[PDB]
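Student: Quick one: the structure is below, and I'll ask about it shortly.
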Amino acid sequence: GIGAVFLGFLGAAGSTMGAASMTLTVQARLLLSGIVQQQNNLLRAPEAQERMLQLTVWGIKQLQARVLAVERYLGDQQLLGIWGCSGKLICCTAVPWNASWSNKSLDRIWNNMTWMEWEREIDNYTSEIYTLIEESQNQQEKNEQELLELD
Amino acid sequence: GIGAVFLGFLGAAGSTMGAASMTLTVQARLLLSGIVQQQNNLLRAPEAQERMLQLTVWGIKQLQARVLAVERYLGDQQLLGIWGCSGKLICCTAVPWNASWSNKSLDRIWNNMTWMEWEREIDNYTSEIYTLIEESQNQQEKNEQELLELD
Amino acid sequence: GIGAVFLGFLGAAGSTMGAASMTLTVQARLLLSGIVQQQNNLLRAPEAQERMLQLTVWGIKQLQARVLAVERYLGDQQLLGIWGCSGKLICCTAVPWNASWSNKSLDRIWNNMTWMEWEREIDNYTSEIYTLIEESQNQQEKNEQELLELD
Amino acid sequence: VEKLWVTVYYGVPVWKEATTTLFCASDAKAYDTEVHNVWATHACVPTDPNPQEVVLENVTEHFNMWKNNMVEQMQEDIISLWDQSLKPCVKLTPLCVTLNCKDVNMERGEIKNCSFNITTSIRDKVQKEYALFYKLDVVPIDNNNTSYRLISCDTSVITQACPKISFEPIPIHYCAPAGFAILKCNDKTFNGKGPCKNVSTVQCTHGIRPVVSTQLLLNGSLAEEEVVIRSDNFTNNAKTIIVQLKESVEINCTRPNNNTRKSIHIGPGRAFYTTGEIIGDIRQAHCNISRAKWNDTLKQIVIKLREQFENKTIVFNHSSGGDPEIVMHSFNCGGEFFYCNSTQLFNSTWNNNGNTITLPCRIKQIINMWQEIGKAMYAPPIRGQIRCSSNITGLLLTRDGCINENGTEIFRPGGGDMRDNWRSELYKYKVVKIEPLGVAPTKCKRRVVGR
Amino acid sequence: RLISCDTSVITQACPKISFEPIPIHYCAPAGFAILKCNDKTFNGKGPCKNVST
Amino acid sequence: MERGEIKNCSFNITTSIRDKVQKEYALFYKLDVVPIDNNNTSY
Amino acid sequence: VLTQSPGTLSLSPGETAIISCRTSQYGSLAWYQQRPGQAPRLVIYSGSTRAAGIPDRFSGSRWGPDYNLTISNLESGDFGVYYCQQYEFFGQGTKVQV
Ligand SMILES: *[C@@H]1O[C@H](CO)[C@@H](O[C@@H]2O[C@H](CO)[C@@H](O[C@@H]3O[C@H](CO[C@H]4O[C@H](CO[C@H]5O[C@H](CO)[C@@H](O)[C@H](O)[C@@H]5O)[C@@H](O)[C@H](O[C@H]5O[C@H](CO)[C@@H](O)[C@H](O)[C@@H]5O)[C@@H]4O)[C@@H](O)[C@H](O[C@H]4O[C@H](CO)[C@@H](O)[C@H](O)[C@@H]4O[C@H]4O[C@H](CO)[C@@H](O)[C@H](O)[C@@H]4O[C@H]4O[C@H](CO)[C@@H](O)[C@H](O)[C@@H]4O)[C@@H]3O)[C@H](O)[C@H]2NC(C)=O)[C@H](O)[C@H]1NC(C)=O
Ligand SMILES: *[C@@H]1O[C@H](CO)[C@@H](O[C@@H]2O[C@H](CO)[C@@H](O[C@@H]3O[C@H](CO[C@H]4O[C@H](CO)[C@@H](O)[C@H](O[C@H]5O[C@H](CO)[C@@H](O)[C@H](O)[C@@H]5O)[C@@H]4O)[C@@H](O)[C@H](O[C@H]4O[C@H](CO)[C@@H](O)[C@H](O)[C@@H]4O[C@H]4O[C@H](CO)[C@@H](O)[C@H](O)[C@@H]4O[C@H]4O[C@H](CO)[C@@H](O)[C@H](O)[C@@H]4O)[C@@H]3O)[C@H](O)[C@H]2NC(C)=O)[C@H](O)[C@H]1NC(C)=O
Ligand SMILES: *[C@@H]1O[C@H](CO)[C@@H](O[C@@H]2O[C@H](CO)[C@@H](O[C@@H]3O[C@H](CO[C@H]4O[C@H](CO[C@H]5O[C@H](CO)[C@@H](O)[C@H](O)[C@@H]5O[C@H]5O[C@H](CO)[C@@H](O)[C@H](O)[C@@H]5O)[C@@H](O)[C@H](O[C@H]5O[C@H](CO)[C@@H](O)[C@H](O)[C@@H]5O)[C@@H]4O)[C@@H](O)[C@H](O)[C@@H]3O)[C@H](O)[C@H]2NC(C)=O)[C@H](O)[C@H]1NC(C)=O
Ligand SMILES: *[C@@H]1O[C@H](CO)[C@@H](O[C@@H]2O[C@H](CO)[C@@H](O[C@@H]3O[C@H](CO[C@H]4O[C@H](CO[C@H]5O[C@H](CO)[C@@H](O)[C@H](O)[C@@H]5O[C@H]5O[C@H](CO)[C@@H](O)[C@H](O)[C@@H]5O)[C@@H](O)[C@H](O[C@H]5O[C@H](CO)[C@@H](O)[C@H](O)[C@@H]5O)[C@@H]4O)[C@@H](O)[C@H](O)[C@@H]3O)[C@H](O)[C@H]2NC(C)=O)[C@H](O)[C@H]1NC(C)=O
Ligand SMILES: *[C@@H]1O[C@H](CO)[C@@H](O[C@@H]2O[C@H](CO)[C@@H](O[C@@H]3O[C@H](CO)[C@@H](O)[C@H](O)[C@@H]3O)[C@H](O)[C@H]2NC(C)=O)[C@H](O)[C@H]1NC(C)=O
Ligand SMILES: *[C@@H]1O[C@H](CO)[C@@H](O[C@@H]2O[C@H](CO)[C@@H](O[C@@H]3O[C@H](CO)[C@@H](O)[C@H](O)[C@@H]3O)[C@H](O)[C@H]2NC(C)=O)[C@H](O)[C@H]1NC(C)=O
Ligand SMILES: *[C@@H]1O[C@H](CO)[C@@H](O[C@@H]2O[C@H](CO)[C@@H](O[C@@H]3O[C@H](CO)[C@@H](O)[C@H](O)[C@@H]3O)[C@H](O)[C@H]2NC(C)=O)[C@H](O)[C@H]1NC(C)=O
Ligand SMILES: *[C@@H]1O[C@H](CO)[C@@H](O[C@@H]2O[C@H](CO)[C@@H](O)[C@H](O)[C@H]2NC(C)=O)[C@H](O)[C@H]1NC(C)=O
Ligand SMILES: *[C@@H]1O[C@H](CO)[C@@H](O[C@@H]2O[C@H](CO)[C@@H](O)[C@H](O)[C@H]2NC(C)=O)[C@H](O)[C@H]1NC(C)=O
Ligand SMILES: *[C@@H]1O[C@H](CO)[C@@H](O)[C@H](O)[C@H]1NC(C)=O
Ligand SMILES: *[C@@H]1O[C@H](CO)[C@@H](O)[C@H](O)[C@H]1NC(C)=O
Ligand SMILES: *[C@@H]1O[C@H](CO)[C@@H](O)[C@H](O)[C@H]1NC(C)=O
Ligand SMILES: *[C@@H]1O[C@H](CO)[C@@H](O)[C@H](O)[C@H]1NC(C)=O
Ligand SMILES: *[C@@H]1O[C@H](CO)[C@@H](O)[C@H](O)[C@H]1NC(C)=O
Ligand SMILES: *[C@@H]1O[C@H](CO)[C@@H](O)[C@H](O)[C@H]1NC(C)=O
Ligand SMILES: *[C@@H]1O[C@H](CO)[C@@H](O)[C@H](O)[C@H]1NC(C)=O
């Protein structure tokens, strides 16, 4: 219908936070491999001079940016790991919603604001938020440990 | 016995699909770190001229290929993520088996064909298959979301 | 209190194995992205000569080490995968504790030795241990498969 | 509501304004045929057959062409390729010999016949060789005897660009890296700076032909609705006014002389090519353009110029000063670099209440693009005659900031800086960095009411 | 005159270097593999039988 | 320290251009320079 | 085009002065000050913004056709002539003396 059909990269840029919540795979994919699929595929064109005359001016432009894309990507996958949820896309926590971050209610958050819009209104607190989830894991990580000893 | 003993890299190349289904770790390992273990270990030989005269002709041959191995590897790990199953090795889906892909039955698929052989017979449909699993996640990702709102 | 407050990178270096079991996130983070956060952030200083005169002497020192950090990191994440537990931090196995590795008891292991100290006393067996977990997965991976056939 | 909880989201549609090393896409018919050496085009990837783009609904991004790093990236690149491609080519450093020039028979001695002694591939032969030069490419010494010297030999390092290479402007796309995105302004008439409405995401831009001219904009993209004018601030009289035509006006040009190549081997394994002789008549280089098309185009401009200014009458004029590069319409035509005297196209007053144009041109061979540090390039002569046809797609103007009673407002051909050549095309686009991680509250706890 | 002095650039290889033919192996990268024909008499082109990684 | 630490020397060089052997004069330090054969005026 | 008012401009070290400037079209405002031997010294680069070595005394203050520059707590270095600049144009200017 709408959630089971085509959309496109970054299509829900101006769609509500709730709307975008279906089209994650679209922008959760191609973060990496958006280019490694295309590069490997298009680069094996019948040229036979891939990296001829060793490396060149486009030589570093790519590798300086190839090596970025992955660590940039592995940075967000390191957060999923360190927050104990690499299920991605959507994941709940014990960290509760400090209304000091946003006093607003549920109804309008998901059905009126968009993520671009939202992440701005919440940009300043994200640092403090993100650090709360890490300390949420470690409480849980010690509580796990304590029980590993006695059983 | 047979599943709890040694086998070797790519050993089940000509073994049935069912047989190979035990020796995944063998070829699920070393996709990356097959070389980073060996490289780091063998390169710390008493040479003290690792990257002497800055970078050379073997300098790029490795790095152009080092940086490939990971994105190539992270491409398949991105698929596991975007299909919602990075448990690896084996993972079920809601996407059913369109017999248009292969009319054949279960008995002979796992006990007569081999994966090299099989992936060929199914090569052309893989694109359409893979895209079905992505749209299988997002249906589930919205269905998850809808329930996050009301509870 | 103590587990819900600040600690610091590598703080529990001389703390008991049990103590360190809370401060994993500290040293489980920044393995990668410890530098990619700082690099990207500090490098976008108003210079506008990032990679000017193409690549230089610091050019490779970083990239030769940038590309290391990730494969080095992806090596440990490949182990988590190949042991069937990328939940990280803490994960149980069916592989039992061969007392040939360490005859000692539970009480003193977690409350007197430290990890630096411990991993030394167990260093020689780690190779044999690690290989036991891989063969623990594949037994389970075939046992999974067998049941996928009949249901 | 309920006990609300932070919940984290990977794959959200969020980006931020950003800058990062882009990479280039080549063309299929471009790479396949050899064309020998051409820029650094060979080292690029090929562009995807499917020109894939996604339109973004309900977005209105802000674009400002002027502060756009893709052009600080474009020229960075463009210079780097040249230097590196000419790195191996033949050095003309020993040719700094005293040139005994007699002239040949705009009759001041533009083509000059000069002699000089050089040592060959081998140090045992001082061969008195004779060659041809242009009046601009050469400069006299002391009293005007029969003696000259190369235009920048004493003060620069002249390098003969190998004839195997080509300066043909192959179009180019700036493909964006992963986790990043390049946006487009899909509007018809965009100011250049300000908010957009029809915005979309692409992987690479449209084909940007890296032509380098000095006064008119050639072979670029035309306007969509009606011609448009773009400046940072128009009161800032020290700011280039870019115009983009709706209808491209074709301009035919030529070096009529049928030249002969002459390889004088300075050696060891290298030679310096020059025109041995001229097969036929001796003639002048020029550029033909319909003056009807050109001035009816000037009608397009003035009406959209009067929009940014007051309905006050407008006047056009020849360039106040600068190097031949700037003060004259300079461009490459078939491998040779032209310098057309553009007084004709810019000498008119447009108010409210036949034939064709032939612009004279001089050919230079020793040239210094981008005005480098004692680094000059000698383009060898192209065999025979050359004739090429460009489309004027726009141009660059510079206002005279001292408004007068009569006046009224003067606009002469700009073109000091090169960053605008790229702005003229890269205005449509902008780069952003994708940030797929995002945290948001929804009533759901981390399922630890039991363990 | 030297055999190719006028037409080429002759470069004296430093005596410090050596042209000794040290054997070499082509180690394959990750996610790739190099196969071998472990047969005795192989034609050069065609199917193999005793193959290995 | 009066053995000739600062020395005033001359020499002919070809300029940017091969058509001028300009006899130029410059200063050198006694360490930075070394004589030849008999101590003439030559270093 | 710029109308720098007013003209007389003579006061004591223990006082305050305010110099106005008028314009038809908008623009980027600035201010200067000449000295014996020295050339014009910049003191304002946007309007609100100050130049290097400029205390809090130099108060720029009005969003409107009239823009002014105030330098309370006068001193002996303050003697000279000031001008208001907008793009290529200049102000009439004004000389303050002993
Ligand atoms: C805005 O855009 C416009 C439009 O794009 C731009 O205008 C374009 O400008 C470019 C270059 O500036 C022009 O391309 C060059 O054209 C010349 C001349 O064209 C030849 O071909 C015509 C017919 O086309 C045939 O060939 C094409 C492929 O080229 C083929 O696709 C087609 O089907 C057809 O088969 C001929 O009509 C033409 O004239 C002939 O006939 C005349 C009488 O009718 C006669 O008077 C002429 O003398 C001639 O006999 C001519 O043959 C091409 O020469 C040039 O190609 C050169 O460069 C490439 C890349 O290096 C190379 O592969 C080519 O072989 C060639 O280079 C060698 O050959 C030249 C002679 O052909 C020689 O002069 C070179 O020095 C070079 O020689 C070297 O190699 C040879 C071996 O090949 C060796 O023996 C020597 O020793 C030496 O080492 C380009 O194709 C466009 O034509 C032109 N378009 C228009 C519409 O005007 C405009 O510039 C842009 N504006 C700006 C500001 O950039
Ligand atoms: C490059 O060229 C640019 C032009 O192309 C140039 O940009 C312009 O520069 C000027 C000055 O530098 C900017 O300011 C303008 O000033 C106007 C002053 O009018 C007020 O004062 C008058 C005299 O005191 C009053 O007469 C007048 O009316 C009042 O008084 C009457 C008396 O009888 C009474 O009858 C009336 O009813 C009324 O009470 C008024 O009080 C100002 O008017 C002008 O317009 C703004 O206000 C209008 C409503 O009056 C709006 O319709 C208009 O859109 C302007 O809104 C501003 O604020 C909005 C909300 O923030 C923004 O959306 C607008 O873009 C605009 O933004 C300005 O203010 C922002 C405040 O935060 C600021 O951040 C912006 O940067 C911007 O300054 C306007 O304020 C003018 O805005 C500039 N832009 C334009 C398009 O003109 C530029 O300087 C040159 N150089 C460079 C480097 O760019
Ligand atoms: C190598 O070649 C170079 C360049 O060709 C020569 O460079 C010159 O070097 C000399 C060195 O001494 C410089 O000479 C100076 O001349 C000063 C006086 O010059 C004044 O008179 C000039 C005379 O030219 C007129 O006559 C000729 C023909 O006889 C015409 O072609 C020319 O157009 C002039 O005609 C006009 O003037 C006459 C009256 O003289 C009228 O009757 C006509 O009807 C015309 O109206 C003249 O050319 C000079 O013009 C210059 O200055 C005015 C400003 O006053 C400026 O607007 C012009 O554009 C131009 O620049 C000038 O009126 C003399 O006082 C001084 O001491 C010195 O001798 C000369 O400047 C150099 N020229 C350049 C361009 O650099 C070099 O000589 C030559 N060497 C050799 C060995 O051949
Ligand atoms: C260009 O300039 C260079 C460097 O300046 C010159 O290089 C010399 O080249 C000649 C080539 O023939 C070499 O000469 C050799 O000399 C051997 C004998 O040398 C012995 O006598 C030396 C005499 O010097 C004394 O007198 C002078 C003043 O007259 C004093 O300044 C000096 O200090 C000496 O005074 C002492 O000795 C006298 C007695 O002679 C006493 O009365 C005083 O009271 C002082 O006690 C003397 O200088 C030599 O000393 C050297 O050797 C001793 C070891 O014995 C060592 O300890 C010293 O440090 C010093 O090295 C020595 O006693 C001669 O046998 C041999 O065949 C040869 O001719 C000379 O070695 C070169 N010198 C150097 C530094 O390399 C060069 O000549 C000049 N060329 C031109 C064209 O100008
Ligand atoms: C972020 O949220 C936490 C809770 O998840 C906040 O901690 C709690 O804050 C309240 C104050 O609002 C503390 O005091 C109690 O307040 C109520 C009325 O507001 C009153 O009835 C109680 O008697 C008491 O005063 C409460 O103790 C505290 N909880 C803990 C465990 O400390 C925290 O303040 C929030 N921080 C920000 C920056 O929003
Ligand atoms: C891939 O598999 C799906 C099901 O998982 C197929 O969709 C279903 O296809 C059948 C046709 O085979 C549709 O029609 C029904 O067919 C039976 C007899 O075949 C008949 O008894 C029914 O009355 C009806 O005609 C069925 O509606 C359809 N399901 C949906 C939800 O659309 C699909 O066609 C397969 N595609 C390929 C390419 O194999
Ligand atoms: C590592 O641990 C495994 C068990 O997880 C060990 O395998 C078992 O080892 C015992 C010997 O200690 C085998 O024999 C039995 O021993 C007891 C007394 O020790 C005796 O009562 C029994 O009758 C029998 O002799 C047992 O069969 C064996 N299990 C299996 C499945 O083979 C293994 O030996 C340990 N290896 C090392 C290096 O520590
Ligand atoms: C016709 O052209 C004249 C100029 O020749 C225009 O006069 C200008 O009018 C604007 C206001 O519209 C003033 O700001 C200028 O100062 C005027 N300049 C001159 C030289 O007079 C006139 O407006 C035009 N009329 C129409 C109807 O287009
Ligand atoms: C525009 O008209 C003015 C007169 O209204 C002309 O101004 C003269 O300009 C010359 C310089 O070329 C001065 O020496 C005269 O003093 C000016 N006279 C006056 C009365 O201002 C001006 O030449 C005219 N411009 C054009 C292009 O014709
Ligand atoms: C949040 O608080 C601000 C005042 O700080 C108020 O203006 C706004 O309406 C509040 N939002 C809601 C949803 O109550
Ligand atoms: C959503 O509603 C709030 C107030 O309820 C408002 O401030 C905000 O601008 C709205 N979002 C949009 C996109 O209009
Ligand atoms: C699948 O269909 C083909 C005909 O398209 C047939 O030859 C083949 O035997 C079928 N396979 C099975 C297992 O029925
Ligand atoms: C498996 O059986 C099918 C037909 O049942 C046959 O086409 C195929 O070749 C068999 N596989 C092998 C490896 O023999
Ligand atoms: C382990 O065995 C050693 C002897 O091999 C002994 O000295 C040590 O005390 C034992 N440890 C424990 C905890 O029994
Ligand atoms: C822990 O106890 C064992 C013996 O029980 C001892 O060998 C070891 O050194 C102790 N660890 C520390 C850190 O003292
Ligand atoms: C033009 O100059 C050349 C130089 O060689 C000369 O031979 C020729 O006679 C000159 N032309 C005339 C008309 O004098």
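Student: Just in the range C:7-76: which GluC sites (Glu not before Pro) are loop by DSSP and have at most 14 other Cβ atoms within 10 Å?
Tutor: C:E47, C:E50
Student: Follow-up question, since we're still on this one. Which of the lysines could a cross-linker span from D:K135 if the Cα-Cα distance has to be under 19 Å and same-chain partners fewer than 8 positions apart are dropped?
Tutor: Partners within reach: D:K102, D:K112, D:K364.
Student: For a quick check: sort D:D400, D:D417 by the number of other beta carbons within 10 angstrom, fewest at the front.
Tutor: In order of increasing Cβ crowding within 10 Å: D:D417, D:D400.
Student: Under the classification rounded if a/c is under 1.5, otherwise prolate if a/b is larger than b/c and oblate if not, where does chain D fall, given a ≥ b ≥ c as square roots of the Cα gyration tensor eigenvalues?
Tutor: oblate
Student: Classify the range D:136-255 from the C-alpha gyration tensor, please: rounded if a/c falls under 1.5, else prolate or oblate depending on whether a/b exceeds b/c.
Tutor: Since a/c reaches 1.5 and a/b is larger than b/c, the shape of the range D:136-255 is classed as prolate.
Student: Go through C:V70, C:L148, C:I122 and say which Cα lies farthest out towards the positive end of the charge dipole of chain C; charges sit on Cβ, +1 for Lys and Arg, -1 for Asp and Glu.
Tutor: C:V70
Student: Pull up the cross-link candidates among the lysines for D:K299, meaning alpha carbon to alpha carbon under 27 Å and not fewer than 8 places away within one chain.
Tutor: Of all the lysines, those that pass the test against D:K299 - Cα under 27 Å, at least 8 places apart if same chain - are D:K188, D:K193, D:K239, D:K246, D:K312, D:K428.
Student: Treating only the Cβ atoms of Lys and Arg (+1) and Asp and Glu (-1) as charged, compute the dipole magnitude of chain G about its Cα centre; round to the nearest 20 debye.
Tutor: That gives a dipole near 100 debye.
Student: So what's the net charge close to C:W101: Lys and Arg +1, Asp and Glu -1, counting the other residues with Cβ under 10 Å from its Cβ?
Tutor: -1
Student: To continue, here is another question. Whole Å is fine, so just give me how far the alpha carbon centre of the range D:347-420 lies from that of the range D:179-198.
Tutor: 29 Å
Student: May I ask you to sort G:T23, B:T25 by Cβ crowding, counting other Cβ atoms within 10 Å and putting the fewest first?
Tutor: Result, fewest neighbours first: G:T23, B:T25.
Student: Give, to the nearest whole percent, the P(r) tail of the range F:3-43 beyond 13 angstrom, counting all Cα pairs.
Tutor: 62 percent
Student: Which entries of A:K88/D:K443; D:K164/D:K184; D:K184/D:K293; D:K67/D:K87; B:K61/C:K142 show an alpha-carbon separation above 27 angstrom in the structure shown?
Tutor: D:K164/D:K184; D:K184/D:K293; D:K67/D:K87; B:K61/C:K142
Student: How long are the three semi-axes of the equivalent ellipsoid for chain B, computed from the Cα gyration tensor as the root of 5 times each eigenvalue, in whole Å, largest first?
Tutor: Three semi-axes, in Å: 37, 25, 15.
Student: What translational diffusion coefficient, to the nearest whole µm²/s, does the protein assembly as shown have by Stokes-Einstein, given a Kirkwood radius computed over alpha-carbon pairs, a temperature of 4 °C and 1.567 mPa s viscosity?
Tutor: D, rounded to a whole number, is 36 µm²/s.
Student: Let me ask something additional. Treat every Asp and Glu Cβ in chain B as -1 and every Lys and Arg Cβ as +1, leave all other atoms uncharged, and give the resulting dipole magnitude about the Cα centre to the nearest 20 debye.
Tutor: 920 debye
Student: Taking neighbour Cβ counts within 10 Å as the exposure measure, how do B:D76, F:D37 sort from fewest upward?
Tutor: Ordered by Cβ neighbours within 10 Å, fewest first: F:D37, B:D76.
Student: Using Cβ-Cβ distances only, list the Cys residues of chain B with no partner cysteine under 4.7 Å, sorted by number.
Tutor: Lacking a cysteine Cβ partner under 4.7 Å: B:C92.
Student: Among the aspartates and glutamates, which have Cα under 13 Å from the Cα of D:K125 when same-chain residues fewer than 8 positions away are ignored?
Tutor: Output for D:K125: E:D6.
Student: Given axes a ≥ b ≥ c from the Cα gyration tensor, I'd like to know whether the range D:246-302 is rounded (a/c under 1.5), prolate (a/b larger than b/c) or oblate.
Tutor: prolate
Student: Between C:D76 and D:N69, what is the FRET efficiency for a Förster distance of 25 Å, r being their Cβ-Cβ separation, to the nearest 0.05?
Tutor: E(calc), rounded to 0.05, equals 0.10.
Student: What's the magnitude of the charge dipole for the protein assembly as shown around its Cα centre, counting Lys and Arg as +1 and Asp and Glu as -1 at the beta-carbon? Answer in Debye, nearest 20.
Tutor: So the magnitude is around 3560 debye.
Student: For the protein assembly as shown, with the dipole built from +1 on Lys and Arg beta-carbon atoms and -1 on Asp and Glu ones, taken about the Cα centre, which of G:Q38, D:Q203, D:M418 lies farthest toward the positive end?
Tutor: It is G:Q38.
Student: Could I ask something else about it? Which of D:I241, D:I182, D:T214 sits closest to the plus end of the dipole of the range D:91-243, meaning its Cα is farthest towards the positive end, when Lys and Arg get +1 and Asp and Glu get -1 on the C-beta?
Tutor: D:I182
Cβ atoms come from the backbone with ideal geometry, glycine included; neighbour counts cover every protein chain shown. Readers should treat all values here as calculations from the given coordinates under stated rules, not as data from a laboratory.
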